[PDB]
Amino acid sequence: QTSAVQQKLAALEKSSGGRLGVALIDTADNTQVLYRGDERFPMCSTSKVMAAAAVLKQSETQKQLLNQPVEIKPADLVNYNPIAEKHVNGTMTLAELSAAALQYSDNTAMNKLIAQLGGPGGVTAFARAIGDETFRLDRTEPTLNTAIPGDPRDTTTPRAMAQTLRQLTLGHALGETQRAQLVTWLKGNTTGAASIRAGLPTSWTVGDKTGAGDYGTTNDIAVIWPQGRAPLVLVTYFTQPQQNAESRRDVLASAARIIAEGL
């Protein structure tokens, strides 16, 4: 069937000229609302959540791992490194790298997380370990954001990512202290006010991770604590036909508004 919410998401998508993917899980009843929920989309920096979570999982058996220093060299800087560039010729701890990747979207920090896991395939291996058979990370930063239509590299589906984000932030994929740390990091994101959050009532609490890439790819994944109800998990992915297309965070806000209105 096609629901009223799905029809509105299709109208939004048509007006936008692009391709929109949405997955909601309402933990009040475990129900799901999906739009293109099983189509693949480039994750871009939303993949930083899986990398940080994989390091958190490693830290469950190494109490000092998050305090471990990682050298930052001039050659490690890539295209967007607002935190890491302050530490060139010095070090950052794995906690600092996780916070920078998640809250500032630092690409050098992400590359250090990937390297700690043995490469992109180590991130994929963690996804499989927590029951996500769909996620794949194939490249490092910045090339994982090429976002080429039809390219399976560095993609997932909205359904899979919503399920994984629920397990990581509200479920038991991580230990309790690690889950709390991930939630704290997401709630402190600096980059999210124009994306999912912009479509939701201001009283609601949001933790999210944004992403963007070529093909005007504009993404956000969020855990949401609405006023007076159980938490929601919402993924909004958007990509466009031309390589140079402009970002469209407003489309993500509009999708979130349609979802909220449909609860």
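In case it trips you up, residue 1 is the first one in the sequence shown, and so on.
- Stretches compared: 123 to 131, 69 to 77. Higher mean C-alpha B-factor in the entry: 69 to 77.
- Stretches compared: 28 to 36, 192 to 200. Higher mean C-alpha B-factor in the entry: 28 to 36.
- You'll see in the entry that, of 136, 172, 187, 112, the Cα B factor peaks at 172.
- Across the residues 217, 236, 46, 227, the deposited record lists the maximum Cα B factor for 227.
- Ranked by Cα temperature factor within the chain, residue 248 sits in the middle third according to the deposited record.
- When all modelled residues of the chain are sorted by CA temperature factor, residue 63 is found within the highest third.
- Ranked by C-alpha B-factor against the other modelled residues of its chain, residue 176 falls in the highest third.
- The deposited CA B-factor of residue 106 belongs to the lowest third of values across its chain.
- Residue 89: CA B factor in the highest third of modelled residues in this chain (values from the PDB entry).
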